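Accompanying notes for the structure given below.
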Amino acid sequence: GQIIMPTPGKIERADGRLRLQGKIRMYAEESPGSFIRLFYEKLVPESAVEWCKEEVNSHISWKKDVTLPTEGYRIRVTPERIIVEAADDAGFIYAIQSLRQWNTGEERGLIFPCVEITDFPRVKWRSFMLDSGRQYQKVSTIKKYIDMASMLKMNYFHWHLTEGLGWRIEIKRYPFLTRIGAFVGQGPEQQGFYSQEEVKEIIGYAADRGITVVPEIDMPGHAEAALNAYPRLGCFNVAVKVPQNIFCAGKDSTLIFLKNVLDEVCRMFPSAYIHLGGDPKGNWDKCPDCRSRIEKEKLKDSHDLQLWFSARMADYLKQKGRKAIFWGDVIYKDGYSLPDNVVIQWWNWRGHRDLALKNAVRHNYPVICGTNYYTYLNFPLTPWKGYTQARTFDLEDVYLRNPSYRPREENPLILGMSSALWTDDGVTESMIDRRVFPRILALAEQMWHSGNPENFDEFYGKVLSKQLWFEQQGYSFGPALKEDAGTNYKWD
Ligand SMILES: [Zn+2]
C-alpha cells in the first residue's frame, strides 16, 4: 500500500493492484506448517483458504529460493497472483509481516499494489527484552510483546525472568523458587509466575511467529527472591530481606543447585542461547566458603571468583550444546578466562562507554550491542522518579546517535543489537507502550534495514504515517520528541 516498517531493502512498484476477496487458493512447495498459523491469524482465516495441488491455479504461492540469504524473502505481486519466496521459515514469516503492512485496507479482504520486494536483515541478532522479574505481566501481555517483536522483524525475545524482587520461572525440582520467590514483591502487579505449562504455550506462540525465546536466569546476583525460597543457597542458612545477598559460589551445593535449575531451563527453552546475567561482593568478601574457593582454584579475588563461577555455568551450558550470554560487566577486568560458548551483551555506555565491546574483541567473545544510550526504552523522554535528565532520550537521540548502531561491516563477532524495557520503579502493564513506542521503531529500523541513506525527517514521516496502523494492532504511542512530552507528561 503505502509503506512497510522496518524499511525493506528493495521495493519496486509496478502498475496495478491485486484484490483478493473470497476463497483464496494457495500453493506451497513444502509443508507450510511452520509459518501458516501466523498467516491465518493476520491475513486470511483458514476457512477462506483452499490448498491447491497445481501452483498455476493458486492466487498465492509459497516457494523456496535457496539463493536468498538467511531470513530473507522476495514478494512479487502481479495482477494475477502473489509469489512469495524464502530460503527458510523465518523468511516466510517476515514476508507475512510485510504483506500485513502492504495491504491497503481500502476494502474488505486484501488489496495489494503490484510490487517486487526483496528483503533481508542487516544483522543476525535482533532482540527485545522485557523485565518480568521486577514486575509480573500476564501471559497475554507476554504474547503481545512477542507478537510485537515479530511484527518488527526481530528474531529473539529476551525474557528477564529472575530478579531480587521476583523469581518467576517455575522449576519443578525446587518448588519454593516460585511459591515463595514470585510473591516477595509487595507492589502493584509484583506477584505471580510462569508455570512450565504457560512457558510451553509461550514457546509455541513465539515459534509460530519466528521468535526464539531467550531466558535469563540471573546468577550469582539478583538472588534475593531465590534466597527467600532457599536460604541455604546463601553463605549461611539465614533469612534475607527483599529490596523493593547473592548465591554463594563457595558452596558446591549452590553450583549443583544452579546446574539443576539450568537442566530444567534447557528442557523448557530450546533456544541455542541462555542468558546468565553476571552483572555486589559484600557477602563474598567475608564468606569462609567463597574465600576457601579462591584458595583452591588459585583465584585473585572476589571478582575473579565471579568469573570462575560464570565459567563453570557456561561450561555446563556448553556440554548441553548452548551458548551463554553474560552482561558486559563480567569482563571489565581481565582474569579467569571464560569458555568459547560465551556471548557478551554490551550495555553500560553511560558509565563505561565501549569498555565491554573492547574487552570482548580482545578475548574473541561475540557481542550483542544493547547500550543504555539509546536502547533502554525504560528511559523516559523527560524525568520520572529514579530517572533524572541523564537517563532520558527521544526519537532523535536513538535514530541519530545510538552507539549500538554500527552500520559499517566490521568483525563478525558483532552479532547485532538489542532493545530493552526494564520495569524498575513500578512500571505496570498499562505503562509499557508509552515507553516502547515509537522509539522501538528506530531500533527495529537499525536492526533490519540495510545501511542505506535515510534521514530523520524521512524516517519520522514514516513513523507518523504508520502510527494509526500500529495502534490498530494494539500498540499505543508515547511522545516521539522531547517537545511532544511537554512539561508534565504523565509517565504513570
Ligand atoms: Zn559465599
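Take the sequence shown: its letters are residues 20 to 263, 269 to 303, 306 to 518, numbered as in the entry's author numbering. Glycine residues also receive a C-beta, built at the ideal position from the N, C-alpha and C atoms.
- In this structure, the beta-carbon distance from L469 to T418 does not fall below 8 Å.
- The beta carbons of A350 and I298 sit closer together than 8 Å.
- Remark: C-beta atoms of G28 and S476 approach each other more closely than 8 Å.
- Runs of alpha helix (DSSP H) with 4 or more residues, each lying fully within the segment 174-258, are found at 195-198, 215-226 and 243-248, listed in chain order.
- Between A244 and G200, the C-beta spacing is below 8 Å.
- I320 is the residue among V393, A47 and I320 whose C-alpha sits nearest the C-alpha of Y362.
- Going by C-alpha positions, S336 is about 39 Å away from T26.
- About 17 Å separates the CB atoms of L333 and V393; that is not less than 8 Å, and the two are not in contact.
- The C-beta of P464 has 16 or more other C-beta atoms within 10 Å across all chains shown, which makes the residue buried.
- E455 sits close to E208, with the two beta carbons spaced by under 8 Å.
- Comparing alpha carbon positions, the residue from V96, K191, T513 and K162 closest to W178 is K162.
- Residues of the same chain with their beta carbon placed closer than 6 Å to that of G377 are lacking, with the five preceding and five following residues left out of the count.
- Distance from the CA atom of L118 to the CA atom of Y342, rounded to whole angstroms, is 42 Å.
- Membership of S363 in any beta strand (DSSP E) is not indicated, and neither H nor E is assigned to it by DSSP.
- For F281, there is no enclosing beta strand (DSSP E); the enclosing alpha helix (DSSP H) has its first and last residue at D276 to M292.
- In its chain, beyond the 5 residues on either side, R348 and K349 have a beta carbon closer than 7 Å to the beta carbon of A296.
- In summary, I55 is buried, with 16 or more beta-carbon neighbours lying within 10 Å of its beta-carbon over all protein chains present.
- Between the C-alpha atoms of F352 and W144 there is a straight-line separation of about 15 Å.
- Counted as a single uninterrupted DSSP element, the beta strand (DSSP E) harbouring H299 occupies residues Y297 to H299.
- Ligand 1 has a heavy atom closer than 7 Å to the beta-carbon of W310.
- For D315, the distance from the CB to the nearest heavy atom of ligand 1 is below 7 Å.
- In this chain, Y399 is not harboured by any beta strand (DSSP E); it is covered by the alpha helix (DSSP H) spanning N398 to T401.
- Of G110, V142, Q154 and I23, the smallest CA-CA separation from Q472 is found for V142.
- Setting aside the 5 residues that flank it on each side, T137 is surrounded in the same chain by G28, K29 and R93, each with a C-beta closer than 7 Å to its C-beta; the list follows chain order.
- Judged by DSSP in its simplified three-state form, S146 adopts strand.
- Taking the Cα of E288 as reference, the smallest distance to any Cα among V134, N390, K191 and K488 is reached at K191.
- Secondary-structure assignment with DSSP links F131 through a beta bridge to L37.
- By the C-beta density criterion, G274 is buried, having at least 16 other C-beta atoms within 10 angstroms.
- The beta carbon of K172 lies closer than 8 Å to those of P25, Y113, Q116, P140, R145, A470, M473 and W474 in the same chain, with the five residues before and after it left out.
- Of the heavy atoms belonging to ligand 1, at least one sits nearer than 7 Å to the Cβ of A273.
- Sixteen is the threshold: when 16 or more other Cβ atoms of the shown chains lie within 10 Å of the Cβ of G185, as they do, the residue is buried.
- The count of Cβ pairs closer than 8 Å, one atom from the segment 477-489 and one from the segment 369-389, stays below three, leaving the stretches out of contact.
- As summarised for the segment 437-517, the continuous alpha helix (DSSP H) elements at least 4 residues long and confined to that stretch are 459-462, 465-474, 482-498 and 508-511, given in chain order.
- Burial of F293 is indicated by the presence of at least 16 other C-beta atoms within 10 angstroms of its C-beta.
- CA-CA distance, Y515 to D355, rounds to 33 Å.
- Sequence-distant partners of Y46 (beyond 5 residues in either direction) whose C-beta falls short of 6 Å from its own C-beta, in its chain, are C71, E74, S77 and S80.
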